[PDB]
Amino acid sequence: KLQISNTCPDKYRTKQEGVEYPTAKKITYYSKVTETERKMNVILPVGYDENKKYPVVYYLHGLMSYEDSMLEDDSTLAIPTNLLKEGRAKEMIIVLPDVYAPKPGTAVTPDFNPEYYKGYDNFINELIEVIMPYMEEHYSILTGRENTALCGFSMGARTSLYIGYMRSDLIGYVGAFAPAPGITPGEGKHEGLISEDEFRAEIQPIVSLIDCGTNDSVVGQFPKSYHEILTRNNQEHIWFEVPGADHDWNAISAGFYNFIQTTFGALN
């Protein structure tokens, strides 16, 4: 079945000569959840045909530079196309949200702190009440958990795990690349979104995947702790480490490379 690569080969995370890659279009929309105008990038597949329907991956940034964050390295645009060429991924639509979606009147400046993190926690409502309906009503998409993936980096990865397990009925594929502390209680001090024994779902993700560099200076051993908790709870998932990598694009690209090989039935 799947052969997990601890490191992403350069050929897949970089744009190859003579290959066409998809492009991002920035969408401005209104959110009834934040009561503000917001933005997201939508990346349609090459040769997008409105007479076909496509599965969707939502890819969540961490504390970086909002919806453009995951375009800073070419792995996001390159990996799905490069796999597709070898028959190793499905055609898909990629959405890059602005994940910081605080309730009205509660926005604070970015801080590695639970108060700022509340706006990431609220993204569950932005995704389900605003962005998913936006995508269904503006693009030719396949709906349902078998056609819906959610992945992210750092605070975006914590948020992907949280939404992926709390709403596994909507999300079939969950990818967490170096997830941040605080889904569960841990030591600043995180009181936890949920208890360790609560970190599970009544319906399993089709694929759940977590990676981390072995030298991550920002989230440390918290991804491994999530691996350990999910194991204790028999929530099957893929866990792997990226040798020598820090909180960086080597860890992210290895995560996205392995994740996209699994999404939407690509392994058959």
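Sequence positions in this view are assigned from 1 along each chain in the order the sequence is written. Entry numbering can differ, and residues without coordinates are absent from the display. With hydrogens and water stripped out, all remaining heavy atoms of the structure feed into the side-chain values.

This entry, as listed in the PDB, derives from X-ray crystallography and reports a resolution of 1.600 Å.

Some words on the overall build of the chain
The condition is simple: To qualify as a helix, a DSSP run of H or I must reach at least 4 residues; to qualify as a strand, a run of E must reach at least 2; elements of each kind are numbered from the N terminus. For this measure, only C-alpha atoms enter the radius of gyration; the expected value for a globule follows 2.2 Å times N^0.38, where N is the number of residues. Partly exposed residues are those whose accessible area sits between 20% and 50% of the maximum for their type, while under 20% is buried and over 50% is exposed, using a 1.4 Å probe and protein chains only. All accessible-area figures derive from a Shrake-Rupley calculation using a 1.4 Å probe, and residue coverage is judged against the displayed protein chains alone.
Along its length, the chain carries 7 helices and 8 strands. Expected size for 268 residues packed as a compact globule is a radius of gyration near 18 Å; at 17 Å, the chain falls within 12% of this value. In terms of principal-axis extent, the alpha carbons of the chain reach across some 50 × 40 × 35 Å. Classification of the 268 residues of the chain by burial places 55% in the buried group. Counting only carbon and sulfur atoms, one obtains 46% of the accessible surface of the chain, whose full area is about 11,800 Å².

Examining the side chain of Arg-13
Threshold: Any pair of nitrogen or oxygen atoms within 3.5 Å is treated as a polar contact; in protein, a donor-acceptor pairing is required on top of that, and neighbouring residues in sequence qualify only through side-chain atoms on both sides. Any pair of residues with heavy atoms lying within 4.5 Å of one another is described as a contacting pair.
Examined against the element boundaries, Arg-13 turns out to sit in helix α1 (residues 10-13). A distance of 3.0 Å separates the side chain of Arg-13 from the side chain of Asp-73, its partner in a polar contact. Those residues in contact with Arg-13, other than ones at most four positions away along the chain, are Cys-8, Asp-73, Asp-74, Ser-75, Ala-78, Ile-79, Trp-249, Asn-250 and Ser-253.

Points about helix α6 (residues 222-232)
The cut-off we apply is this: By arc we mean the arc of the directions from the helix axis to the C-beta atoms, nothing more.
Taken as a whole, α6 has its buried residues at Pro-223, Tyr-226, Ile-229 and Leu-230. Taken around the axis of α6, the buried residues stretch over an arc of 115 degrees, which confines them to a single face. For α6, the elements touching its buried residues are α5 (155-166), β7 (207-213) and β8 (238-242). The first or second residue beyond α6 is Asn-234, which carries a positive phi of 50 degrees.

A word on the sheet that holds strand β3 (residues 56-60)
Keep this limit in mind: Strand pairing follows a simple DSSP-based rule, namely that at least 2 bridges must link the two strands. Fitted lines through C-alpha atoms give the axes, limited to the stretch in contact for helices. The angle between two N-to-C directions lies from 0 to 180 degrees.
Strands sit in the order β1-β2-β4-β3-β5-β6-β7-β8 across an open sheet of 8 strands; the sheet is mixed. Two strands bound the open sheet, and with one partner strand each, they are β1 (24-31) and β8. Looking at each pair of strands side by side, their axes are set apart by 20 degrees on average, direction ignored. In this structure, β7 lies alongside β8, joined through 5 bridges in parallel fashion. Among the inter-strand pairings, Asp-211 is bridged to a residue of β8, identified as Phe-240. This element, α6, spans β7 and β8 of the sheet and lies at about 145 degrees to β7.

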